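Student: Sharing work.cif here; it has mmCIF, C-alpha atoms.
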```cif
data_upload
loop_
_atom_site.label_atom_id
_atom_site.label_comp_id
_atom_site.auth_asym_id
_atom_site.auth_seq_id
_atom_site.Cartn_x
_atom_site.Cartn_y
_atom_site.Cartn_z
CA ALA A 1 152.31 126.87 74.03
CA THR A 2 154.82 125.90 71.43
CA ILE A 3 153.60 127.35 68.13
CA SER A 4 154.84 125.42 65.10
CA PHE A 5 154.55 127.24 61.76
CA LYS A 6 154.45 125.35 58.44
CA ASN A 7 154.29 127.13 55.10
CA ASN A 8 152.45 124.81 52.70
CA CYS A 9 152.04 127.61 50.13
CA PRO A 10 154.15 127.46 46.92
CA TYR A 11 155.35 131.00 47.72
CA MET A 12 157.40 132.37 50.60
CA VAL A 13 155.46 134.13 53.35
CA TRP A 14 156.66 136.40 56.16
CA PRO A 15 154.77 135.74 59.40
CA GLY A 16 154.10 138.52 61.86
CA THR A 17 153.40 138.15 65.54
CA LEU A 18 151.79 140.40 68.12
CA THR A 19 151.10 140.34 71.82
CA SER A 20 147.95 142.34 72.57
CA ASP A 21 147.68 145.46 74.69
CA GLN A 22 151.42 146.17 74.84
CA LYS A 23 152.15 143.17 77.12
CA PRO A 24 155.54 141.70 76.34
CA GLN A 25 156.08 140.57 72.75
CA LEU A 26 157.19 137.12 71.69
CA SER A 27 160.79 136.27 70.98
CA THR A 28 160.14 137.33 67.40
CA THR A 29 157.61 139.76 65.92
CA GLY A 30 158.25 138.66 62.35
CA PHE A 31 160.37 136.33 60.19
CA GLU A 32 160.80 134.79 56.74
CA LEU A 33 159.28 131.37 56.02
CA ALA A 34 160.10 129.70 52.69
CA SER A 35 157.70 127.40 50.91
CA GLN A 36 157.63 124.05 52.79
CA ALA A 37 159.72 125.46 55.69
CA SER A 38 158.83 125.28 59.36
CA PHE A 39 159.66 127.41 62.43
CA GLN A 40 158.78 127.12 66.13
CA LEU A 41 158.49 129.57 68.99
CA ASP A 42 157.19 129.38 72.55
CA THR A 43 154.64 131.77 74.00
CA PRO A 44 154.58 132.90 77.68
CA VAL A 45 151.73 131.50 79.78
CA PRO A 46 149.37 133.28 79.98
CA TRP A 47 149.38 134.84 76.55
CA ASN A 48 146.96 136.80 74.37
CA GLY A 49 147.89 137.73 70.84
CA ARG A 50 147.82 136.89 67.16
CA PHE A 51 149.70 135.93 64.05
CA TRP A 52 149.41 136.69 60.32
CA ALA A 53 151.58 136.21 57.24
CA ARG A 54 152.71 138.73 54.65
CA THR A 55 153.18 138.16 50.93
CA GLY A 56 154.88 140.12 48.16
CA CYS A 57 157.76 141.41 50.30
CA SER A 58 161.03 143.20 49.44
CA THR A 59 163.49 145.61 50.93
CA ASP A 60 164.00 148.98 49.16
CA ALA A 61 167.36 150.64 48.59
CA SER A 62 166.93 152.48 51.97
CA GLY A 63 166.47 149.32 53.92
CA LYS A 64 162.74 149.58 54.27
CA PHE A 65 160.87 146.24 54.21
CA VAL A 66 157.50 146.49 52.48
CA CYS A 67 154.94 143.87 51.54
CA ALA A 68 151.92 143.68 49.22
CA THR A 69 149.68 142.05 51.80
CA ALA A 70 149.33 142.23 55.58
CA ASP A 71 152.20 144.70 55.81
CA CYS A 72 152.84 145.75 59.42
CA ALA A 73 154.57 149.05 58.48
CA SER A 74 157.49 148.68 60.89
CA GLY A 75 159.87 149.05 57.92
CA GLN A 76 161.57 145.82 59.11
CA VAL A 77 160.91 142.09 58.89
CA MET A 78 160.08 142.22 62.60
CA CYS A 79 156.75 144.00 63.18
CA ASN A 80 157.89 145.49 66.47
CA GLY A 81 154.46 145.74 68.13
CA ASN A 82 152.64 146.94 65.06
CA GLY A 83 149.65 144.97 63.82
CA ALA A 84 148.97 144.03 60.21
CA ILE A 85 147.38 146.70 58.02
CA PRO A 86 144.20 145.07 56.74
CA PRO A 87 143.30 143.12 54.74
CA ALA A 88 144.92 140.26 56.64
CA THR A 89 143.83 136.79 57.72
CA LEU A 90 144.46 136.39 61.44
CA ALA A 91 145.20 133.51 63.84
CA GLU A 92 144.24 134.57 67.40
CA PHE A 93 144.91 133.06 70.83
CA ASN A 94 143.91 133.53 74.41
CA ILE A 95 145.90 131.11 76.58
CA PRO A 96 145.30 131.21 80.35
CA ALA A 97 147.58 130.03 83.10
CA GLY A 98 147.10 126.68 84.78
CA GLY A 99 145.88 124.33 82.07
CA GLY A 100 142.39 125.79 81.71
CA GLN A 101 140.50 126.63 78.57
CA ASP A 102 142.39 128.08 75.63
CA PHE A 103 140.42 130.02 73.02
CA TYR A 104 141.80 130.24 69.49
CA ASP A 105 140.50 131.02 66.03
CA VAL A 106 141.20 131.94 62.47
CA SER A 107 139.44 135.22 61.72
CA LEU A 108 138.46 137.25 58.65
CA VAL A 109 137.30 140.23 60.77
CA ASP A 110 140.18 142.22 59.21
CA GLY A 111 139.68 140.60 55.82
CA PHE A 112 141.58 137.84 54.04
CA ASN A 113 144.99 137.70 52.34
CA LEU A 114 145.99 133.97 52.49
CA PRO A 115 144.50 130.71 53.77
CA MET A 116 145.57 129.29 57.13
CA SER A 117 144.66 126.81 59.81
CA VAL A 118 145.27 126.44 63.54
CA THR A 119 145.46 122.82 64.79
CA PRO A 120 145.82 121.99 68.51
CA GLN A 121 148.43 119.38 69.38
CA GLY A 122 147.48 117.50 72.49
CA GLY A 123 145.19 119.08 75.03
CA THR A 124 141.79 117.84 76.05
CA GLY A 125 138.30 118.70 75.03
CA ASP A 126 136.78 119.40 71.65
CA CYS A 127 140.00 120.93 70.32
CA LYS A 128 138.54 121.53 66.84
CA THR A 129 140.76 122.79 64.01
CA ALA A 130 140.19 126.46 63.21
CA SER A 131 140.67 127.16 59.52
CA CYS A 132 140.09 129.26 56.43
CA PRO A 133 141.53 126.94 53.75
CA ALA A 134 139.69 128.41 50.75
CA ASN A 135 140.99 130.99 48.31
CA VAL A 136 138.60 133.70 49.44
CA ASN A 137 140.12 136.07 46.85
CA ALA A 138 138.34 133.99 44.13
CA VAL A 139 134.88 134.90 45.58
CA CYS A 140 135.66 138.46 46.72
CA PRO A 141 133.20 140.99 45.26
CA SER A 142 134.54 144.02 43.42
CA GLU A 143 133.94 146.48 46.27
CA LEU A 144 136.08 144.40 48.65
CA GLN A 145 138.95 143.47 46.31
CA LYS A 146 142.53 144.55 46.84
CA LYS A 147 144.14 144.20 43.45
CA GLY A 148 147.63 143.55 42.22
CA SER A 149 149.31 145.60 39.48
CA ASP A 150 148.17 142.98 36.95
CA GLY A 151 144.52 143.08 37.99
CA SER A 152 144.40 139.93 40.02
CA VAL A 153 142.81 139.90 43.46
CA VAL A 154 145.58 139.60 46.11
CA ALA A 155 143.40 140.16 49.20
CA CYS A 156 139.81 140.80 50.25
CA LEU A 157 138.72 143.54 52.63
CA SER A 158 136.09 142.88 55.24
CA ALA A 159 133.06 145.18 55.14
CA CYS A 160 134.30 146.67 58.42
CA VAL A 161 137.61 147.64 56.84
CA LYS A 162 135.91 148.95 53.68
CA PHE A 163 133.04 150.89 55.20
CA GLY A 164 133.82 151.38 58.91
CA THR A 165 130.27 151.58 60.19
CA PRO A 166 128.66 150.02 63.22
CA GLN A 167 126.64 147.54 61.15
CA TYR A 168 129.83 145.92 59.81
CA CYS A 169 132.27 146.59 62.69
CA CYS A 170 129.89 145.98 65.61
CA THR A 171 130.86 149.26 67.26
CA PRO A 172 128.29 151.26 69.30
CA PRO A 173 125.33 151.29 69.07
CA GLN A 174 125.66 147.85 67.41
CA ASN A 175 128.09 146.50 69.95
CA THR A 176 126.20 143.37 71.00
CA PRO A 177 125.45 140.14 69.14
CA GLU A 178 121.72 140.91 68.76
CA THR A 179 122.32 144.47 67.46
CA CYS A 180 125.11 143.31 65.13
CA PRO A 181 123.70 140.40 63.13
CA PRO A 182 125.47 138.86 60.16
CA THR A 183 125.24 140.66 56.83
CA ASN A 184 125.49 139.82 53.14
CA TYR A 185 129.22 140.53 53.49
CA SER A 186 129.94 138.34 56.56
CA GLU A 187 127.97 135.58 54.81
CA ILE A 188 130.47 135.61 51.90
CA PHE A 189 133.26 134.83 54.39
CA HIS A 190 131.19 132.30 56.32
CA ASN A 191 130.26 130.39 53.14
CA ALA A 192 133.88 130.28 51.95
CA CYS A 193 135.37 129.51 55.36
CA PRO A 194 132.79 128.31 57.86
CA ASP A 195 135.53 127.34 60.39
CA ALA A 196 136.81 130.93 60.62
CA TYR A 197 135.18 133.96 62.17
CA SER A 198 133.29 135.83 59.46
CA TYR A 199 132.77 139.02 61.50
CA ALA A 200 133.05 140.18 65.12
CA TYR A 201 130.01 138.25 66.40
CA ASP A 202 130.25 135.07 64.33
CA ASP A 203 128.08 132.44 66.04
CA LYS A 204 131.11 130.11 66.28
CA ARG A 205 132.98 132.59 68.51
CA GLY A 206 134.23 130.63 71.53
CA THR A 207 133.59 127.18 70.01
CA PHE A 208 137.30 126.67 69.14
CA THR A 209 138.68 125.78 72.53
CA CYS A 210 141.02 123.23 74.04
CA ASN A 211 142.15 122.58 77.65
CA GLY A 212 145.46 121.55 79.16
CA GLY A 213 148.08 123.83 77.62
CA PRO A 214 148.07 122.31 74.12
CA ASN A 215 150.68 123.14 71.52
CA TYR A 216 149.55 124.47 68.11
CA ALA A 217 150.41 124.03 64.46
CA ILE A 218 149.77 127.05 62.26
CA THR A 219 149.72 126.05 58.59
CA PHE A 220 149.68 128.54 55.68
CA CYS A 221 147.82 127.22 52.61
CA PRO A 222 146.65 124.06 54.41
#
```
Go ahead and express the file in the form of structure tokens.
Tutor:
Amino acid sequence: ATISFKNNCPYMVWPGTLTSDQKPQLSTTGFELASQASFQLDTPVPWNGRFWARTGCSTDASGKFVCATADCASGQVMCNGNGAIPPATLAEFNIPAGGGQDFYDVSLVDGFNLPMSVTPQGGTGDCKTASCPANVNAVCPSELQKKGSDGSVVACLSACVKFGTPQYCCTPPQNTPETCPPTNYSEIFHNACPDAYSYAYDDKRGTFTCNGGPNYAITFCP
């Protein structure tokens, strides 16, 4: 797939990319994307991995790159095989060989930092847009807020990130959909962004799918 990024936010973001399970990384693991700018990359086929976008970034006098949200802690713009430190909104992909069924999503399993959508381009089937377009920070309860130096909410933890327990993370012994039902916390994310995964076993898991090697547009602040 060709992945086309568009930053519709009024602020610069710094996307990160990751191939899962230490399979080969994409041509870039992270880059700068100005407000209203676009960038494209191609994925291998098959590919399994994810994307996010950082905000509040600078480089210190030592050359270390550090961001307020979704920092990947590589010390560089490129994330180099590191994932985002939560909270971070994620765009996730599983693309098989041979034109079969892609699975994709936008997920708040690791919390929220900025809104984003994933839109298939071409392909066949349902090919629904995956999205969290809302400012989830505006409905984030105190216990889940990540605050800025001025007291504003810059990101929202998921209950898994905050508390780490099986009920919220769906780890054993709550490692099946029936044993890990939604909670008051996943509901907050589902209500704000019903077209994004609200927790590990969101009942829309697997319903964002598209056949035939589609391309994808990833839009920040859609």
Student: Residues within 7 Å of residue A:103, please, as a list in words. Count only C-alpha atoms; anything in the same chain fewer than 6 positions from it doesn't count.
Tutor: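 Contacts, with the query itself left out: residues 93, 94, 95, 206, 208, 209 and 210 of chain A.
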Student: Please write the residues picked by the PyMOL selection byres ((chain A and resi 4) around 12) on this file as a list in words.
Tutor: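 Against this file, the PyMOL selection byres ((chain A and resi 4) around 12) returns the residues residues 1, 2, 3, 5, 6, 7, 15, 33, 37, 38, 39, 40, 41, 42, 43, 51, 117, 118, 119, 120, 121, 214, 215, 216, 217, 218, 219 and 220 of chain A.
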Student: What do you get, as a list in words, if you spell out every residue that the PyMOL selection byres ((chain A and resi 96) around 9) selects here?
Tutor: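 After applying the PyMOL selection byres ((chain A and resi 96) around 9), what remains is residues 45, 46, 47, 48, 94, 95, 97, 98, 99, 100, 101, 102, 103 and 213 of chain A.
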Student: Can I get the selected residues back with C-alpha atoms, as a compact mmCIF listing (two decimals), in the frame of the given file?
Tutor:
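File produced: selection10.txt:
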```txt
# COMPACT_ATOMS: atom_id res chain seq x y z
CA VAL A 45 151.73 131.50 79.78
CA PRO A 46 149.37 133.28 79.98
CA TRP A 47 149.38 134.84 76.55
CA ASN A 48 146.96 136.80 74.37
CA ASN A 94 143.91 133.53 74.41
CA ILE A 95 145.90 131.11 76.58
CA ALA A 97 147.58 130.03 83.10
CA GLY A 98 147.10 126.68 84.78
CA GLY A 99 145.88 124.33 82.07
CA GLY A 100 142.39 125.79 81.71
CA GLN A 101 140.50 126.63 78.57
CA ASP A 102 142.39 128.08 75.63
CA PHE A 103 140.42 130.02 73.02
CA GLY A 213 148.08 123.83 77.62
```
Student: Using the chain letters and numbering of this document, enumerate as a compact mmCIF listing (two decimals) with C-alpha atoms, in the coordinates of the input the residues selected by the PyMOL selection byres ((chain A and resi 108) around 9).
Tutor:
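Final output, saved to result-v9.txt:
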```txt
# COMPACT_ATOMS: atom_id res chain seq x y z
CA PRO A 87 143.30 143.12 54.74
CA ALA A 88 144.92 140.26 56.64
CA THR A 89 143.83 136.79 57.72
CA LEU A 90 144.46 136.39 61.44
CA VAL A 106 141.20 131.94 62.47
CA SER A 107 139.44 135.22 61.72
CA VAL A 109 137.30 140.23 60.77
CA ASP A 110 140.18 142.22 59.21
CA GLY A 111 139.68 140.60 55.82
CA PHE A 112 141.58 137.84 54.04
CA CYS A 132 140.09 129.26 56.43
CA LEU A 157 138.72 143.54 52.63
CA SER A 158 136.09 142.88 55.24
CA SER A 186 129.94 138.34 56.56
CA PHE A 189 133.26 134.83 54.39
CA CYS A 193 135.37 129.51 55.36
CA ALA A 196 136.81 130.93 60.62
CA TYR A 197 135.18 133.96 62.17
CA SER A 198 133.29 135.83 59.46
CA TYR A 199 132.77 139.02 61.50
CA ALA A 200 133.05 140.18 65.12
```
Student: Tell me which of A:174, A:55, A:19, A:191 sits closest to residue A:35, counting only C-alpha atoms.
Tutor: A:55
Student: Could you tell me how far atom CA of residue A:188 sits from atom CA of residue A:53, in Å to one decimal place?
Tutor: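 Rounded to one decimal, the two atoms are 21.8 Å apart.
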Student: Which is closest to residue A:78 among A:8, A:25, A:179, A:207, if we use all atoms listed in the file?
Tutor: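 Using all atoms listed in the file, the shortest distance to residue A:78 belongs to A:25.
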Student: If I take atom CA of residue A:164 and atom CA of residue A:50, how far is one from the other in Å, to one decimal?
Tutor: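 Separation of atom CA of residue A:164 and atom CA of residue A:50: 21.8 Å.
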